[PDB]
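Following: one structure in structure tokens, then a few remarks.
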Amino acid sequence: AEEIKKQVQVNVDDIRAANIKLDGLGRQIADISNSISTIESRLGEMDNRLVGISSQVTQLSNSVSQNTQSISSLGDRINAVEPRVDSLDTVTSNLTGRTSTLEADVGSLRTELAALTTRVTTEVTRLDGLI
Amino acid sequence: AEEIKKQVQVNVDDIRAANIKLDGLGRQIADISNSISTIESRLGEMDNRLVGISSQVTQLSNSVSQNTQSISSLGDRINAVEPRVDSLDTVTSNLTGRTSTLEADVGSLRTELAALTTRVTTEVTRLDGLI
Amino acid sequence: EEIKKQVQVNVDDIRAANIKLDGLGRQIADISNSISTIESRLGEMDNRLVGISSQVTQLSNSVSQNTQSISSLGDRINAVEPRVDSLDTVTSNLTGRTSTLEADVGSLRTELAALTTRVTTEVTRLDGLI
Ligand SMILES: [Cl-]
Ligand SMILES: [Cl-]
């Protein structure tokens with residue numbers, strides 16, 4: 001009987017102690033629920049950042065695509081200009097030769113015309129002297 | 001004895017209440033385990049998005065390097081073309097002056113040849129009249 | 001007695017509850033480890049997003065430099081093109097004028113040879129009459 005009463009007291013105190021440890025586990029679960037709520041907020045902010053970065057990459061891709069198209073257009077324009085400059089080098093070089101040839105020919109014709117002018121003066125003077 | 005029997009019955013009750021509280025905590029742990037599983041899958045979907053973005057940035061970086069090189073090549077071609085066009089403006093300016101001078105010189109030679117033609121007619125007429 | 005038996009059953013049931021409580025205590029410790037790893041993964045992912053953003057910012061500066069260089073090359077080609085069109089016009093006009101000069105000079109050369117012959121023929125004729 002004395003043994004019974006002693007053990008029943010121990011059981012009262014052990015049941016109360018177990019119930020306090022169960023309340024402690026409930027507080028640990030509440031703290032885990034707060035960690036999970038915060039993790040979920042962080043996952044939402046990271047989702048927002050990933051949307052923002054993806055938009056920046058998409059926009060940058062479009063600007064690079066526009067630059068590749070502008071470079072192709074400038075390439076077409078320089079491709080068209082280069083052979084026109086090569087052609088003009090040939091045209092002006094051939095014109096230069098023809099201008100030099102004309103300057104030599106006109107100089108020769110002027111000298112020959114001046115020699116014929118003096119020949120006319122000489123011959124008319126001579127004929128006048130015989131008459 | 002009646003006091004003992006009553007406290008043993010209350011302990012039986014309290015041990016059953018404790019076991020109901022333990023069952024409730026196990027259900028809460030099962031709910032947390034589910035949330036953790038879903039968070040771990042979300043960590044994987046975000047890892048996938050980051051892989052996709054990183055691959056887009058690598059590709060874009062290659063395109064930008066290709067464009068910077070294409071721009072330097074076009075720059076070298078325009079740098080080469082510009083002084084060739086400046087040289088052609090110099091050649092053509094100098095040929096323009098030379099062509100104008102030839103047109104004035106040929107006009108003068110034509111007038112002078114017509115004057116000598118007239119002079120030959122005048123002097124021959126005069127000499128014939130004296131004979 | 002029935003009391004003594006129930007008190008012993010209660011001892012054993014309280015120990016079974018403490019074992020189960022200790023098991024839930026270990027499961028909560030394991031969940032706390034899972035949370036710490038998840039937090040570490042979020043911190044690494046935040047860093048990766050910062051590193052990617054920095055690379056995109058640097059790449060965007062290079063793209064801006066290229067767009068600017070493209071506008072400068074555009075200005076240079078815009079200036080060249082009409083100068084090449086002008087040179088085609090000017091050289092075409094000079095070519096036409098040079099062919100006219102060559103025809104005129106050819107004509108003058110023939111006319112000068114005819115006047116040279118005429119001076120010889122007329123001087124011969126006059127000499128013959130004297
Ligand atoms: Cl008891
Ligand atoms: Cl670019």
Side-chain angles (χ1 to χ4, degrees), chain A residues 45-68 70-90 92, chain B residues 46-55 57-91, chain C residues 43-88:
Chain A
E45 195 21 55
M46 282 157 74
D47 280 329
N48 286 337
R49 280 161 78 189
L50 280 166
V51 165
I53 188 82
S54 289
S55 176
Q56 277 179 303
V57 170
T58 295
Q59 289 176 349
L60 198 51
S61 183
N62 189 60
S63 67
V64 172
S65 183
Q66 290 173 323
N67 286 349
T68 303
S70 296
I71 284 160
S72 181
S73 178
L74 292 173
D76 284 347
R77 292 169 69 190
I78 297 162
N79 275 353
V81 160
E82 292 171 332
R84 294 179 67 209
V85 173
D86 300 343
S87 179
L88 282 164
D89 280 354
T90 304
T92 59
Chain B
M46 286 158 105
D47 274 330
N48 293 165
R49 281 158 80 193
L50 283 166
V51 164
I53 290 165
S54 291
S55 151
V57 170
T58 295
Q59 289 178 3
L60 195 57
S61 188
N62 289 341
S63 298
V64 172
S65 181
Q66 286 177 327
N67 287 351
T68 303
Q69 189 165 328
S70 292
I71 288 159
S72 189
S73 177
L74 292 172
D76 285 346
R77 292 169 73 185
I78 194 69
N79 208 56
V81 160
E82 290 169 337
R84 292 180 69 209
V85 176
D86 297 347
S87 176
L88 284 165
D89 278 349
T90 300
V91 165
Chain C
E44 195 272 339
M45 286 162 111
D46 160 60
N47 225 282
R48 275 214 264 147
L49 282 166
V50 166
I52 292 167
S53 291
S54 170
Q55 188 171 5
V56 172
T57 293
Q58 290 191 289
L59 203 56
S60 182
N61 288 339
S62 301
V63 175
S64 173
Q65 288 174 326
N66 287 347
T67 304
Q68 274 161 233
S69 290
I70 285 159
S71 173
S72 186
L73 289 179
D75 284 346
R76 295 166 75 185
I77 193 68
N78 280 350
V80 164
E81 290 171 333
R83 293 182 65 200
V84 176
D85 296 341
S86 179
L87 278 163
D88 280 350

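Below, chain A is the first sequence line, B the second, and so on; all start at residue 1. Note that these values count all heavy atoms, side chains included, but never hydrogens, waters or copies made by symmetry.
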Minimum-distance pair of heavy atoms, taken over all atoms of C:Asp46 and A:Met46: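 For C:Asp46 and A:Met46, the tightest heavy-atom pair comes out as N-CE, 4.1 Å.
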Taking side-chain contact (heavy atoms from CB on, under 4.5 Å) as the test, write out the residues that go with [X], two or more places apart.
X       : answer
C:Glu44 : C:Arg48
C:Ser64 : C:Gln68
C:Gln55 : B:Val57
B:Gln66 : B:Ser63

Could you tell me whether a side-chain N or O of B:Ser72 sits under 3.5 Å from a main-chain N or O of B:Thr68, the two making a donor and an acceptor?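 Not confirmed, B:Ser72 side chain does not pair with B:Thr68 backbone.
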Is there a donor-acceptor contact under 3.5 Å from the side chain of C:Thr57 to the main chain of C:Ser53? yes
Among residues two or more places apart or on two chains, list those pairs meeting salt bridge (charged side-chain N to carboxylate O under 4.0 Å, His left out) that have a residue in [range].
range                     : result
residues 52-61 of chain C : none
residues 54-64 of chain A : none
residues 64-78 of chain B : A:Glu82-B:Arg77

Is any side-chain heavy atom of B:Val85 less than 4.5 Å from a side-chain heavy atom of B:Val81? yes
Suppose we screen for side-chain hydrogen bond (donor to acceptor under 3.5 Å, both in side chains). Which residues come up paired with C:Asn47, at least two apart in sequence or across chains? none
Which residues pass the side-chain hydrogen bond (donor to acceptor under 3.5 Å, both in side chains) test with C:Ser72, sequence neighbours left out?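 Partners of C:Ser72 by the side-chain hydrogen bond (donor to acceptor under 3.5 Å, both in side chains) criterion come out as none, since no residue qualifies.
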How long is the straight-line distance from CG of C:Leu87 back to OG1 of A:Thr92, given to the nearest 0.5 Å? 8.5 Å
Between CD1 of A:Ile71 and CG of C:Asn66, what distance do you get to the nearest 0.5 Å?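 One finds 6.5 Å between CD1 of A:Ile71 and CG of C:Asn66.
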